[PDB]
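Following: one structure in structure tokens, then a few remarks.
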Amino acid sequence: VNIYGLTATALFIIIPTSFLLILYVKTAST
Amino acid sequence: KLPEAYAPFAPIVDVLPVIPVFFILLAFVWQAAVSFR
Amino acid sequence: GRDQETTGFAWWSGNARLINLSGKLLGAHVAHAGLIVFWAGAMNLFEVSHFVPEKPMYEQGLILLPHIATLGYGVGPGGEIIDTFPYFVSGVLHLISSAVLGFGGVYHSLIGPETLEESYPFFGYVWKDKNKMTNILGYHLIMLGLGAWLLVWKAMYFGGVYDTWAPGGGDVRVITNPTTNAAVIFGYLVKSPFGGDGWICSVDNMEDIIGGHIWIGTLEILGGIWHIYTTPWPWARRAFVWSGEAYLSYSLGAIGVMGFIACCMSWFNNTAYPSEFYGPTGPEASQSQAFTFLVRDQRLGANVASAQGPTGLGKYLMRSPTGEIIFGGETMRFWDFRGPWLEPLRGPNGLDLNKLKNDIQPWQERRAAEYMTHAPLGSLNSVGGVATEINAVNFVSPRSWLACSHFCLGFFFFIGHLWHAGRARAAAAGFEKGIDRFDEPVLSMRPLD
Amino acid sequence: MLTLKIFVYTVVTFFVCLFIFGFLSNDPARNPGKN
Amino acid sequence: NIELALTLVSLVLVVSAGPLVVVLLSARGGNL
Amino acid sequence: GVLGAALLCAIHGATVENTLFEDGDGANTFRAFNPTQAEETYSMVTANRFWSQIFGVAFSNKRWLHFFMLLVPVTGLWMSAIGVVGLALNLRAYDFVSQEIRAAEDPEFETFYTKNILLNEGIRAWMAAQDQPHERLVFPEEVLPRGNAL
Amino acid sequence: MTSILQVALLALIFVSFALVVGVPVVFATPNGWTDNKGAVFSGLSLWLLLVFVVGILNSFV
Amino acid sequence: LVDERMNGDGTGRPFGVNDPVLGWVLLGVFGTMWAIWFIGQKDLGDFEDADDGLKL
Amino acid sequence: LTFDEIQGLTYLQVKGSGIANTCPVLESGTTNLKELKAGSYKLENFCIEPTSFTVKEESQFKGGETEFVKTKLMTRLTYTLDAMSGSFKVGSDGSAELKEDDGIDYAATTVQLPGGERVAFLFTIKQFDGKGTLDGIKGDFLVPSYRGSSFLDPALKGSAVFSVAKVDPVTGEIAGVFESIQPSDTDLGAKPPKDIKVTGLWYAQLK
Amino acid sequence: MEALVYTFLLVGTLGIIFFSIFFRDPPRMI
Amino acid sequence: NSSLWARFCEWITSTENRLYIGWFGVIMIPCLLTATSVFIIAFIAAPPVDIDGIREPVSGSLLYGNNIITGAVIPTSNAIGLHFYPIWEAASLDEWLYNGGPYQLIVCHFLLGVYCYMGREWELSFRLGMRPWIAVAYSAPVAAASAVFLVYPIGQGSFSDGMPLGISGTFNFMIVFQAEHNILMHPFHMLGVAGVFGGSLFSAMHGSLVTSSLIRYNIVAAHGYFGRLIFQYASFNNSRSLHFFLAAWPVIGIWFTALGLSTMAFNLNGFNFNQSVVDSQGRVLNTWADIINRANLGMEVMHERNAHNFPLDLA
Ligand SMILES: CCCCCCCCCCCCCCCCCC(=O)OC[C@H](CO[C@@H]1O[C@H](CO[C@H]2O[C@H](CO)[C@H](O)[C@H](O)[C@H]2O)[C@H](O)[C@H](O)[C@H]1O)OC(=O)CCCCCCCCCCCCCCCCC
Ligand code: CLA
Ligand code: CLA
Ligand code: CLA
Ligand SMILES: CCCCCCCCCCCCCCCC(=O)OC[C@H](COP(=O)(O)OC[C@@H](O)CO)OC(=O)CCCCCCCCCCCCCCC
Ligand SMILES: CC1=C(/C=C/C(C)=C/C=C/C(C)=C/C=C/C=C(C)/C=C/C=C(C)/C=C/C2=C(C)CCCC2(C)C)C(C)(C)CCC1
Ligand SMILES: CC1=C(/C=C/C(C)=C/C=C/C(C)=C/C=C/C=C(C)/C=C/C=C(C)/C=C/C2=C(C)CCCC2(C)C)C(C)(C)CCC1
Ligand SMILES: CC1=C(/C=C/C(C)=C/C=C/C(C)=C/C=C/C=C(C)/C=C/C=C(C)/C=C/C2=C(C)CCCC2(C)C)C(C)(C)CCC1
Ligand SMILES: [Fe+2]
């Protein structure tokens with residue numbers, strides 16, 4: 001219920017997802 | 001126990017049940033005789 | 001023998017070289033049958049030589065004598081043993097018959113003709129004949145039916161069978177009126193296998209067993225006569241593989257199912273497997289413990305009905321989910337157990353309190369104590385009791401050994417069905433050796449699945 | 001509550017019959033090999 | 001004592017009965 | 001990781017042995033293999049199609065497949081080693097505070113986690129008496145945790 | 001007459017051992033079955049006679 | 001009785017049917033599927049000759 | 001089913017049918033109730049079968065008041081008291097007395113009230129002692145603790161009202177309807193006890 | 001709240017599995 | 001043209017589908033989807049289930065104060081025993097939830113699904129002209145699942161002794177089983193552990209050796225490397241032999257561990273070595289087996305808090 005746990009989970013879900021999407025889009029465009 | 005008339009032959013029976021197992025081993029020995037042709 | 005170059009089968013698969021050698025295959029089968037009979041006779045003699053008639057059979061780890069005793073040979077009322085000569089006779093008869101069968105097998109394997117398709121056309125057969133195979137199947141079906149009718153005659157005319165549901169302790173009885181009604185006989189087969197029903201493991205009287213054996217013997221004789229004078233219909237040829245390995249796989253699957261059924265029947269049933277010889281079952285031990293504790297506490301002076309347990313359900317007696325009065329505690333799972341020593345205390349709606357008060361005979365109490373002592377629990381070291389026990393007992397119930405061994409055998413034979421059925425189908429198709437490498441089926445298929 | 005039993009029985013029977021009659025429909029000749 | 005003696009004697013005799021046939025056939029050049 | 005490594009070993013062995021090319025005569029396929037041959041002994045395409053139609057995804061690169069087989073167990077045991085390193089300092093993932101508080105507050109709250117906690121307590125109390133002699137622990141029979149039902 | 005029964009039983013054991021040692025040898029030996037039919041027939045007949053005699057003696061004991 | 005139940009758990013009825021409508025449903029579904037298969041049997045090829053079918 | 005039909009069935013036939021939880025019905029007899037000769041009798045085969053399990057609950061809405069609401073049963077059957085034995089005295093004027101001594105006089109039960117809350121209790125009438133007319137006899141009984149003292153985490157009295165409805169003087173076999181109110185489970189002191197109202201039928205063979 | 005987070009995580013994992021099974025890169029030259 | 005059934009069976013037995021819907025598939029798919037749906041719905045939200053049959057339920061749902069690790073689908077109630085408990089046999093749906101029906105439904109449908117999955121593996125092996133023994137290898141986890149979910153409840157007489165469908169349920173089941181049967185001391189569990197460890201070892205070794213030999217299909221240099229390393233020249237120089245061994249080892253290990261599980265289902269426990277080494281006077285000397293016995297005794301006393309009422313746990 002703590003804010004720290006929820007925000008850590010959200011960041012861990014989102015940031016690597018964004019990084020992987022960046023790399024995949026770069027690869028697919030090339 | 002066995003009937004008294006057959007009492008002396010008690011030891012032989014003690015060996016009988018394990019005989020079939022030996023058969024399978026014999027097969028391997030036979031294969032060793034023919035050098036596993 | 002042969003070698004790998006001529007046959008294509010390595011030594012560790014050598015018996016596969018006999019698929020198209022009828023004489024050698026027949027010799028092998030006869031020798032194996034001789035081995036089976038030899039083990040039967042030798043083990044019977046071994047158990048006879050180590051049998052102490054004063055003690056119960058299940059307390060000495062005997063698994064073959066209980067069968068003969070259930071057939072009703074040398075057994076008095078209550079399972080007491082009168083004499084042990086018939087066991088010796090059966091052992092020696094199997095031993096000598098096995099000697100003869102072994103001689104026949106070694107002859108047919110070493111000297112007899114390799115293939116008997118031309119010298120003895122009656123016994124010859126091609127795996128794809130589809131008509132000689134049915135002839136052999138009919139012959140063996142007739143033989144099986146004759147065996148079943150032999151059991152029926154033994155139970156009906158020549159002596160009797162050990163009925164464990166007879167008044168008092170069970171004893172040998174003649175089944176004068178077997179249950180031949182079609183509905184009763186065939187209700188067992190279509191009954192559910194789950195708890196309470198139990199499928200064919202729920203037979204609770206010798207009359208039903210004998211009637212069922214009458215039915216199966218007659219059906220097998222009729223089916224054998226049918227199969228001798230008939231060939232499979234086109235729909236049968238359409239949905240079957242006709243090769244030796246295919247028949248082997250069918251037999252493997254059927255016999256694995258049979259092994260599983262035997263495991264369950266040995267574990268649960270106590271009519272065709274009297275507890276006076278095989279020992280108490282799983283549920284029987286727990287029910288006996290509860291009954292003995294109830295009797296002892298009532299004798300010491302207590303109200304068994306008004307004995308609330310720690311959880312409030314009831315220490316001694318409670319109600320089943322259907323409504324019957326049953327023993328309380330963790331034994332609620334075994335509330336549908338039935339036994340000859342407990343039924344006289346059962347009324348229309350379960351256990352009767354009035355009967356539990358002043359209708360318990362001493363033999364019931366003694367049997368309950370004896371069964372509760374010798375629970376089917378055990379250890380691989382033959383210890384007995386729960387795993388957290390001292391080394392003071394040397395008891396493992398025969399029921400546990402039978403169940404475990406036959407379940408393992410059934411599982412392995414189901415695996416054998418899988419293997420041999422797959423290989424037979426592949427070999428009949430023609431790609432059991434590998435992909436063609438030049439006409440590969442996948443390369444001609446549309447890509448992207 | 002018995003209507004649920006009827007529906008389940010119908011579905012199970014339909015699927016089991018499909019399975020049974022599927023293998024009777026000349027299944028062994030569905031292989032891609034040459035024979 | 002004596003019972004164990006006969007047990008071992010029978011055991012060794014019956015065990016040796018097996019490979020003795022193979023040895024005899026190999027010596028006599030049988031089709032083993 | 002360990003179970004996945006065993007799974008990968010089993011599937012790779014079965015798939016390779018069930019997709020061989022008919023490189024020789026007879027049924028004994030083991031003999032139909034020349035160790036000096038320069039041709040593949042099993043059909044990668046057939047295995048790929050089979051596993052893509054059965055499971056949904058299938059390998060298409062031999063190097064990647066064998067590297068995955070290498071990589072799974074190594075990662076699994078490295079993570080186990082890190083966990084044991086954490087245990088060495090009593091840094092235990094022992095309890096969930098929320099469920100412990102809920103169980104303490106509500107006497108009707110039971111989960112498999114609480115039953116595991118009770119089993120652990122029983123193990124500790126009944127085993128430390130003889131496991132650690134240097135503590136000279138003498139637990140009276142009345143203080144050992146025990147199911148009161150008996 | 002337990003002594004006679006035991007002697008006959010021991011003779012049966014010896015004959016059976018000889019038969020089980022000899023029959024595979026006779027069968028697997030090339031050109032051996034043709035020239036040893038009489039010995040094998042006599043051995044088998046003696047085995048059957050001894051087992052029947054042992055049975056009768058058991059009936060008398 | 002507080003409520004109503006089917007009351008057939010331990011009765012061991014054949015095929016688990018306690019109402020004739022269940023047996024009628026069983027037979028109807030089986031008959032419909034068998035009729036469809038029988039009608040479509042013409043496309044599966046007839047094994048009229050004595051020696052036919054997959055074999056080795 | 002009457003007593004004769006119940007006793008005419010073997011155990012195998014009854015098993016799995018739910019009959020074992022039922023209570024015998026008095027088809028014969030008269031409803032006059034004046035054919036019951038005055039005196040004392042040994043009450044045996046005293047059986048009781050409930051029909052409703054309404055529980056008193058506080059209304060969820062603020063403006064509402066506590067009311068008895070219906071519930072759904074959880075435990076499969078196992079809620080029928082049977083084999084009870086005691087004494088039954090009936091007076092010539094019209095007064096009567098009822099007392100229960102022994103038998104299966106209690107049964108643990110759990111019912112869920114609407115909203116998901118499930119409440120357990122111990123349906124019992126043990127040590128009942130009622131006095132009054134044939135119609136409207138009232139008494140009280142003891143309710144033991146729901147669980148024993150040995151239970152570990154991870155007295156009370158209740159009233160009852162019987163009323164004989166039909167009597168069979170030749171063979172006794174008195175039948176009627178009853179209503180009772182008893183406290184709920186109060187174990188662990190985690191919540192205040194609630195009141196369960198139970199109506200049902202009762203049969204007895206006073207001979 | 002936390003139950004919703006767990007459900008979202010499981011649903012996302014299942015969606016990724018579905019996309020990987022169906023919207024996969026077609027394999028060429030195996 | 002062809003009749004309706006001909007077109008239907010052509011579509012079913014078609015290798016052009018994205019996922020092969022075999023004749024085993026026609027049963028596998030509905031059973032597996034039903035089990036998945038019921039499992040998901042029960043895991044997300046389900047009331048506490050009375051596993052012990054002593055009128056105390058345990059909660060295993062996310063909406064009932066649980067998380068992923070401690071959530072589970074609670075096994076069927078002890079009072080049910082081995083009786084069939086479908087939905088239509090319960091008076092109300094809430095009663096079905098209370099007594100633990102969903103576990104039984106999921107277990108039955110899942111077992112049917114895995115059996116038909118093995119069948120479908122064989123079927124698609126057949127339709128593509130492959131040797132059909134992948135299903136034989138797959139049978140080992142299938143056998144283990146059957147022993148865990150079906151054979152053990154049958155032997156113990158109740159479904160409440162089966163494995164709960166949850167992460168903490170697995171650990172509780174394992175602790176229970178070691179307490180009651182001494183799983184660790186059984187030769188078959190030792191063989192299963194050996195099979196699993198050897199599977200991991202051979203997987204890692206084969207992967208490393210093949211990857212290292214895939215220079216710019218395995219060459220003979222890897223065999224020489226392996227022979228030099230562990231002094232086992234000619235032990236594995238045939239690729240087919242090596243891959244067959246890789247397939248055979250873990251499958252046999254898992255078969256034997258599943259058989260040991262099913263054996264203990266009928267109360268045939270493992271080795272017992274407590275009170276074995278004895279002093280000359282007669283005193284008992286403790287051994288590591290005795291410490292294992294002490295741990296088992298500690299596990300057993302707190303096994304069921306309020307379920308037993310008799311001194312000996314016969315059930
Ligand atoms: C699952 C377990 C359940 C519990 C146990 C039940 C046990 C029951 C045992 C008896 C039935 C066993 C049937 C097993 C399935 C195999 C059927 C089969 O291979 O069958 C294959 C054969 C093939 O038949 C052949 O088919 C050939 C092809 O015909 C085609 O070609 C012909 C011209 O050449 C014609 O044109 C014809 O119209 C055309 O269809 C020829 O017609 C041949 O003459 C003909 O003999 O069929 C036949 O054996 C004839 C039909 C056999 C009996 C079928 C009974 C089906 C049910 C009947 C009741 C239904 C009620 C429905 C009610 C609905 C409303 C409520
Ligand atoms: C009565 C049933 C039956 C029959 C007639 C056959 C017959 C055949 N099988 Mg099949 N098979 C069966 C059952 C049967 N099998 C079962 C149940 C299994 C599952 C285990 C198999 C698995 C199997 C495989 C995997 C293969 C065969 C093969 C063969 C062929 C050659 C076998 C040979 O030479 O072995 C020679 C004998 C040996 C190599 C000795 C093996 C000894 C092992 C270790 C068993 C040890 C037993 C041990 C004491 C107890 C085990 C544990 C216990 C708990 C059960 C032959 C056609 C082979 C073949 O060529 O197929 C065409 C082949 O590849 N079978
Ligand atoms: C009980 C199981 C069983 C049975 C019945 C058979 C039977 C047979 N096998 Mg198989 N086999 C088995 C197990 C079995 N085998 C196992 C476990 C293996 C793995 C090692 C093999 C591996 C194998 C191979 C590799 C081959 C066979 C072959 C054969 C056939 C010819 C054997 C022969 O000529 O040897 C001759 C052997 C001898 C002359 C040596 C002496 C053996 C004698 C007969 C022992 C008799 C002892 C007995 C107590 C005597 C009783 C006498 C009586 C009067 C009381 C025969 C039908 C061969 C075949 O296919 O034939 C074409 C073949 O190539 N087998
Ligand atoms: C073990 C002995 C044996 C064997 C191997 C066979 C084998 C065969 N028989 Mg014969 N038969 C036998 C005994 C045997 N029969 C006996 C004893 C009788 C007398 C009743 C008959 C009477 C008989 C007739 C009248 C006919 C055959 C036919 C056939 C052939 C087709 C069978 C088939 O595909 O069934 C397939 C079976 C079905 C499709 C039925 C549905 C199967 C469901 C799923 C099973 C339901 C099981 C049920 C619920 C009970 C549970 C039991 C439990 C173990 C699971 C086949 C060659 C037929 C043929 O072509 O030969 C001329 C034929 O017309 N048989
Ligand atoms: C009837 C059957 C229905 C489907 C059954 C389920 C199928 C699930 C398949 C999932 C595959 C996911 C692969 C993604 C990534 C992907 O697309 O992989 C693709 C990969 C193939 O890659 P290639 O060989 O094409 O790679 C070539 C290289 O050059 C570059 O990778 O397949 C594998 O690696 C096999 C290993 C799968 C391992 C799957 C483990 C199981 C899933 C994880 C656990 C899920 C738990 C969920 C909890 C809620
Ligand atoms: C083919 C072959 C084989 C096999 C074979 C076989 C398996 C055979 C069998 C055989 C057999 C199976 C035999 C048997 C025999 C037996 C006998 C010969 C017996 C006799 C008996 C006796 C002599 C007894 C006596 C007595 C009595 C009566 C009782 C008491 C005790 C006494 C001792 C006195 C193998 C693979 C291995 C190898 C190759 C070849
Ligand atoms: C004596 C006895 C009894 C009874 C018995 C009986 C009466 C039996 C019967 C039995 C039976 C009567 C059985 C049957 C069975 C059947 C089966 C087992 C079938 C199978 C089938 C199959 C396997 C098929 C498959 C398929 C199809 C589906 C089509 C074609 C193709 C294929 C192959 C895929 C009683 C209980 C009384 C008592 C006790 C004991
Ligand atoms: C009942 C009886 C009889 C008969 C007996 C018999 C007939 C026996 C047989 C027996 C046999 C028939 C035996 C056999 C044996 C064999 C063996 C014991 C072997 C062993 C071997 C081993 C152990 C080795 C192995 C190997 C090889 C060689 C190769 C691979 C590697 C190894 C090293 C593993 C008579 C009448 C005389 C009288 C007395 C009693
Ligand atoms: Fe590889």
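If you're wondering about the labels, chains in the structure tokens are A, B, ... by order shown, residues count from 1 in each chain, ligands from 1 in order shown.
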Could you give me, as a ChimeraX atom specification, every polymer residue with an atom at most 12 Å away from an atom of ligand 9, counting only C-alpha atoms and all ligand atoms? /F:8-17,40-42,44,61-70 /K:202-211,213-214,217-219,222,238-247
Alpha helix (DSSP H) residues, from DSSP on the backbone, in chain F, as a PyMOL selection string: chain F and resi 2-17+44-54+62-87+97-105+112-131
Per residue of chain D within 12 Å of ligand 7, what are the shortest atom pair and its distance in Å to one decimal, counting only C-alpha atoms and all ligand atoms, with rows by chain and residue number, as a Markdown table?
```
| residue | atom | partner | partner_atom_place_in_ligand_line | distance |
| --- | --- | --- | --- | --- |
| D:16 | CA | ligand 7 | 28 (C) | 9.4 |
| D:17 | CA | ligand 7 | 28 (C) | 8.9 |
| D:18 | CA | ligand 7 | 28 (C) | 10.1 |
| D:19 | CA | ligand 7 | 28 (C) | 7.7 |
| D:20 | CA | ligand 7 | 28 (C) | 4.5 |
| D:21 | CA | ligand 7 | 29 (C) | 6.9 |
| D:22 | CA | ligand 7 | 34 (C) | 8.4 |
| D:23 | CA | ligand 7 | 34 (C) | 5.2 |
| D:24 | CA | ligand 7 | 30 (C) | 5.4 |
| D:25 | CA | ligand 7 | 31 (C) | 9.0 |
| D:26 | CA | ligand 7 | 31 (C) | 9.4 |
| D:27 | CA | ligand 7 | 31 (C) | 8.8 |
| D:28 | CA | ligand 7 | 31 (C) | 9.9 |
```
Which residue is closest to ligand 4? Choose from H:25, H:51, H:14, H:4 and count only C-alpha atoms and all ligand atoms.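 Closest residue, counting only C-alpha atoms and all ligand atoms: H:14.
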What residues of the protein or nucleic acid chains come within 7 Å of ligand 4 when you use only C-alpha atoms and all ligand atoms? Reply as a PDB file with N, CA and C atoms, in the first residue's frame.
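Output (part-v3.pdb):
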```
ATOM      1  N   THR C 134      -7.840 -63.598 -36.381  1.00  0.00           N
ATOM      2  CA  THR C 134      -9.117 -63.762 -35.697  1.00  0.00           C
ATOM      3  C   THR C 134      -9.323 -65.198 -35.243  1.00  0.00           C
ATOM      4  N   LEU C 137      -7.341 -65.508 -32.075  1.00  0.00           N
ATOM      5  CA  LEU C 137      -8.041 -64.761 -31.039  1.00  0.00           C
ATOM      6  C   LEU C 137      -9.251 -65.532 -30.533  1.00  0.00           C
ATOM      7  N   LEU C 141      -9.853 -66.877 -26.794  1.00  0.00           N
ATOM      8  CA  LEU C 141     -11.064 -66.441 -26.109  1.00  0.00           C
ATOM      9  C   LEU C 141     -11.835 -67.630 -25.557  1.00  0.00           C
ATOM     10  N   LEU C 189     -20.255 -52.152 -14.266  1.00  0.00           N
ATOM     11  CA  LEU C 189     -19.366 -51.677 -15.321  1.00  0.00           C
ATOM     12  C   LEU C 189     -19.587 -50.200 -15.620  1.00  0.00           C
ATOM     13  N   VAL C 190     -20.850 -49.768 -15.689  1.00  0.00           N
ATOM     14  CA  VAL C 190     -21.158 -48.380 -16.011  1.00  0.00           C
ATOM     15  C   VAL C 190     -21.191 -47.488 -14.780  1.00  0.00           C
ATOM     16  N   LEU C 219     -19.932 -65.091 -22.541  1.00  0.00           N
ATOM     17  CA  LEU C 219     -19.649 -64.084 -23.555  1.00  0.00           C
ATOM     18  C   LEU C 219     -18.349 -64.385 -24.282  1.00  0.00           C
ATOM     19  N   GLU C 220     -17.332 -64.859 -23.560  1.00  0.00           N
ATOM     20  CA  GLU C 220     -16.060 -65.164 -24.199  1.00  0.00           C
ATOM     21  C   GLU C 220     -16.177 -66.362 -25.130  1.00  0.00           C
ATOM     22  N   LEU C 222     -18.923 -67.298 -26.736  1.00  0.00           N
ATOM     23  CA  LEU C 222     -19.666 -66.828 -27.900  1.00  0.00           C
ATOM     24  C   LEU C 222     -18.801 -65.944 -28.788  1.00  0.00           C
ATOM     25  N   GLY C 223     -17.989 -65.076 -28.186  1.00  0.00           N
ATOM     26  CA  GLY C 223     -17.122 -64.218 -28.973  1.00  0.00           C
ATOM     27  C   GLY C 223     -16.044 -64.989 -29.707  1.00  0.00           C
ATOM     28  N   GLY C 224     -15.506 -66.033 -29.079  1.00  0.00           N
ATOM     29  CA  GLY C 224     -14.549 -66.877 -29.770  1.00  0.00           C
ATOM     30  C   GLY C 224     -15.161 -67.577 -30.966  1.00  0.00           C
ATOM     31  N   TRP C 226     -17.731 -66.515 -32.621  1.00  0.00           N
ATOM     32  CA  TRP C 226     -17.935 -65.430 -33.575  1.00  0.00           C
ATOM     33  C   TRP C 226     -16.670 -65.138 -34.370  1.00  0.00           C
ATOM     34  N   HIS C 227     -15.539 -65.012 -33.680  1.00  0.00           N
ATOM     35  CA  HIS C 227     -14.313 -64.579 -34.337  1.00  0.00           C
ATOM     36  C   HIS C 227     -13.690 -65.678 -35.184  1.00  0.00           C
ATOM     37  N   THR C 230     -15.522 -65.445 -38.745  1.00  0.00           N
ATOM     38  CA  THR C 230     -15.768 -64.101 -39.249  1.00  0.00           C
ATOM     39  C   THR C 230     -14.434 -63.398 -39.465  1.00  0.00           C
ATOM     40  N   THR C 231     -14.440 -62.425 -40.372  1.00  0.00           N
ATOM     41  CA  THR C 231     -13.323 -61.531 -40.620  1.00  0.00           C
ATOM     42  C   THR C 231     -13.746 -60.108 -40.290  1.00  0.00           C
ATOM     43  N   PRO C 232     -12.801 -59.240 -39.931  1.00  0.00           N
ATOM     44  CA  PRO C 232     -13.164 -57.862 -39.584  1.00  0.00           C
ATOM     45  C   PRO C 232     -13.858 -57.147 -40.735  1.00  0.00           C
ATOM     46  N   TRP C 233     -14.840 -56.325 -40.383  1.00  0.00           N
ATOM     47  CA  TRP C 233     -15.621 -55.572 -41.347  1.00  0.00           C
ATOM     48  C   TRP C 233     -14.792 -54.433 -41.931  1.00  0.00           C
ATOM     49  N   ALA C 236     -13.675 -51.834 -39.644  1.00  0.00           N
ATOM     50  CA  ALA C 236     -12.589 -52.273 -38.776  1.00  0.00           C
ATOM     51  C   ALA C 236     -11.245 -52.179 -39.486  1.00  0.00           C
TER      52      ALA C 236
END
```
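With the cut-off set to 6 Å and only C-alpha atoms and all ligand atoms counted, the residues surrounding ligand 2 are residues 12, 13, 14, 15, 16, 409, 412, 413, 415 and 416 of chain C.
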Within 12 Å of residue G:37, counting only C-alpha atoms, which residues show up once you throw out same-chain ones fewer than 6 positions away? Write them as a VMD selection string, please. chain G and resid 23 26 to 27 31 43 to 44
Expected answer as a ChimeraX atom specification: residues within 6 Å of ligand 6, only C-alpha atoms and all ligand atoms: /B:9,23-24,26-27 /C:28,31-32,34-35,38,92,95-96,98-99,102,106,109 /G:9,13,16
Quick one: everything within 12 Å of residue A:2, counting only C-alpha atoms, minus sequence neighbours fewer than 3 positions away in the same chain. Send it as a PyMOL selection string. (chain A and resi 5-9) or (chain F and resi 98) or (chain J and resi 1-2)
Could you list, as an mmCIF file with N, CA and C atoms, in the first residue's frame, every residue within 12 Å of residue J:20, counting only C-alpha atoms and ignoring same-chain residues fewer than 3 positions away?
```
data_model
loop_
_atom_site.group_PDB
_atom_site.id
_atom_site.type_symbol
_atom_site.label_atom_id
_atom_site.label_comp_id
_atom_site.auth_asym_id
_atom_site.auth_seq_id
_atom_site.Cartn_x
_atom_site.Cartn_y
_atom_site.Cartn_z
ATOM 1 N N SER F 52 6.756 -25.336 -33.528
ATOM 2 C CA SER F 52 5.988 -24.111 -33.696
ATOM 3 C C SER F 52 4.498 -24.390 -33.800
ATOM 4 N N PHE F 55 3.760 -26.115 -29.732
ATOM 5 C CA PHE F 55 3.932 -25.207 -28.608
ATOM 6 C C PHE F 55 3.554 -23.774 -28.954
ATOM 7 N N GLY F 56 3.945 -23.299 -30.133
ATOM 8 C CA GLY F 56 3.657 -21.938 -30.536
ATOM 9 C C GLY F 56 4.900 -21.197 -30.976
ATOM 10 N N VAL F 57 6.016 -21.454 -30.299
ATOM 11 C CA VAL F 57 7.305 -20.870 -30.641
ATOM 12 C C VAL F 57 8.334 -21.989 -30.704
ATOM 13 N N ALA F 58 9.261 -21.885 -31.652
ATOM 14 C CA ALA F 58 10.279 -22.904 -31.840
ATOM 15 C C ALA F 58 11.599 -22.249 -32.210
ATOM 16 N N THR J 13 1.561 -10.228 -18.670
ATOM 17 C CA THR J 13 2.394 -11.372 -19.030
ATOM 18 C C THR J 13 1.677 -12.284 -20.019
ATOM 19 N N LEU J 14 0.391 -12.550 -19.780
ATOM 20 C CA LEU J 14 -0.369 -13.388 -20.703
ATOM 21 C C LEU J 14 -0.489 -12.733 -22.075
ATOM 22 N N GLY J 15 -0.683 -11.415 -22.108
ATOM 23 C CA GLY J 15 -0.742 -10.719 -23.383
ATOM 24 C C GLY J 15 0.566 -10.796 -24.145
ATOM 25 N N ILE J 16 1.689 -10.668 -23.435
ATOM 26 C CA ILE J 16 2.992 -10.810 -24.080
ATOM 27 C C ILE J 16 3.157 -12.215 -24.642
ATOM 28 N N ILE J 17 2.728 -13.229 -23.888
ATOM 29 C CA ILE J 17 2.803 -14.602 -24.385
ATOM 30 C C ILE J 17 1.972 -14.756 -25.653
ATOM 31 N N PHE J 23 1.945 -12.989 -33.094
ATOM 32 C CA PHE J 23 2.615 -11.927 -33.847
ATOM 33 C C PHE J 23 4.133 -12.098 -33.779
ATOM 34 N N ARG J 24 4.590 -13.244 -34.267
ATOM 35 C CA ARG J 24 6.001 -13.586 -34.232
ATOM 36 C C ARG J 24 6.681 -13.208 -35.541
ATOM 37 N N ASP J 25 8.004 -13.122 -35.485
ATOM 38 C CA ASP J 25 8.795 -12.902 -36.685
ATOM 39 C C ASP J 25 8.838 -14.191 -37.495
ATOM 40 N N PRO J 26 8.373 -14.194 -38.741
ATOM 41 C CA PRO J 26 8.384 -15.428 -39.536
ATOM 42 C C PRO J 26 9.799 -15.942 -39.721
#
```
